[PDB]
Structures are given as structure tokens and as C-alpha cells.
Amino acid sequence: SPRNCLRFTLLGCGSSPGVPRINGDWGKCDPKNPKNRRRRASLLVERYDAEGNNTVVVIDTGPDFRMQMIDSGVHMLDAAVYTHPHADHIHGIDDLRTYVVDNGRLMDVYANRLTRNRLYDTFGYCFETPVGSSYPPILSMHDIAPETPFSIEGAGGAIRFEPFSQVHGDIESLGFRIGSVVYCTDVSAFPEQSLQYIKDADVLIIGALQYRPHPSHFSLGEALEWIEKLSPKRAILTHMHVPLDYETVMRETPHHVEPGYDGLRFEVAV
């Protein structure tokens, strides 16, 4: 059992349609390598104390959330933190309901104004019972904003997040630093003020969609450029689309850089 650590699990490392796409398209990925089967992008963040008690926080609840949590072996949850309101990051939100019953209290969720306002539109019944329904709400909303740290409490002690702004095509997404681990998905550019949060990470988890440019995400080359500038000790690529084959990308990248895979898990000192 883990003790005296943060533990991170890469729940999903795929692009918005997953790998393979729903039509069975693997792109250039080797279908025989299980590491190329990719769920939608999400990160589990845990803190364990000396006795193995844990605080558990998920970053994003996409459509794969339920299977991600089942397969993680972690059976409790303290909070959900959201990057931005795109389908692949939010459409598994209803599956928070079981934990509300287990915990006997609303699930604390964390989101910026843009994300929160879209969740209210799309998933109002999670916040407020609509006319003609008997379903109680399940979520308790908390604001977050770039450059304002926030902490989530739980049985393993507090987990402190440092959110920051990312450009994501035509909208803003959030990245987060947790200790010396940084999570940057759905990003096409980093604003100058965000650099302090992303440099000198022990582990930088950074989105690299594909080889060719895309308006909303870094290409592999752009991600590598950023990794060279930010000098993380280790980098892990995420939000990888069907052009990016695990073995191939492993070869093409520096030794301290690797494509992620679903279930990739590591512990770090608190």
C-alpha cells in the first residue's frame, strides 16, 4: 500500500474520440500494443499519509470516468477539478452520483467561471432539481481561477493545487501544478504569466496531439520545444491522437520524455 506520498495515475491519455476512434480507426497506432488503446484525458491525484489513509481528487470526468475509476482500484473520491468544458472532459459527470451516496454529502467540484457556467447549462439537474423531478442535486460548486492556489482536504491530508491559464484554440483551459508535478492538457499556447508554474517540474504531463499542426493543441514538435525550454526532469505526453503510436513516439523523443499510457502510475514525495 502507498504511504507518505502523492500518487498520480494517468487515467486516460487519448484525444477526444479516443484511440481507436468509435469506427475502429487506429490511425498509425499498432493495434496489438495495449498501450495504444486510449481513454479520454484524465488524471487521478492522491495523497497518502503514514497509515495509508488517502485524499483522492480527479482532474476531469470524461465519458471514460467510470471505467477509469474502476480500473484504478481506488474506490472513494473527495473532489473533481475541471480543466475546461469540452465533451471529452465533462460528459461522465453523472457518474459522480455513487460517491455522493457513499460520502453522505454533495460532491465538491472545482471549476472556473467559463466551465461552471457551461456545466450549469448542460447538467443543471446535477446542481438543482428541475421542475417535475424528484432527483436531488449531487454537486457542490467551488470557484477556481488562474494564479489562485486552492487546497482540497481529505483523509490523507490536504492536496494543494496551483491553477494557471492556458490558451486552447478559441478558449482558455486550466493547467495545474501539484507539488512538483504539472498537468497541461488541451493547450495550444502558454501565456507569459503561466511560465512560473510550468518550469522546473519533476514531472511535466503535457498534451501532444499529433505531428501536424492543430489550432487547439500542441503538435509533438511544439511539445518537445516547450519541454526543452521548461527543463522538466521527466515529461509524459498526453491527449495523444491516432497518428501517435506508442513505440514510435518513444523512439522519437529524448530519454527523459515518454508518451503516456492509460494506467501509468507513479509516486512522489510530499
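When you see a residue number, it is the position in the sequence shown, counting from 1.
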When the Cα temperature factors in the entry are averaged, is it 86-94 or 195-203 that ends up higher? 195-203
Report the stretch with the higher mean CA temperature factor, choosing between 240-248 and 221-229 on the basis of the entry. 221-229
When the CA B-factors of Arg37, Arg66, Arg47, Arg234 are compared as recorded in the entry, which is the largest? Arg234
Among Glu162, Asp186, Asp108, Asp170, where is the Cα B factor highest in this entry? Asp170
Considering only modelled residues of the same chain, in which third does the CA B-factor of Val131 rank: lowest, middle or highest? highest
Check where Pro146 lands among this chain's C-alpha B-factors and tell me if it's the lowest, middle or highest third. middle
Of the three thirds of its chain by CA temperature factor, lowest, middle or highest, which one includes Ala155? middle
Among the modelled residues of its chain, the C-alpha B-factor of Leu77 falls in the third labelled middle
For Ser216, return the chain-relative third of its C-alpha B-factor as stated in the PDB record: lowest, middle or highest. middle
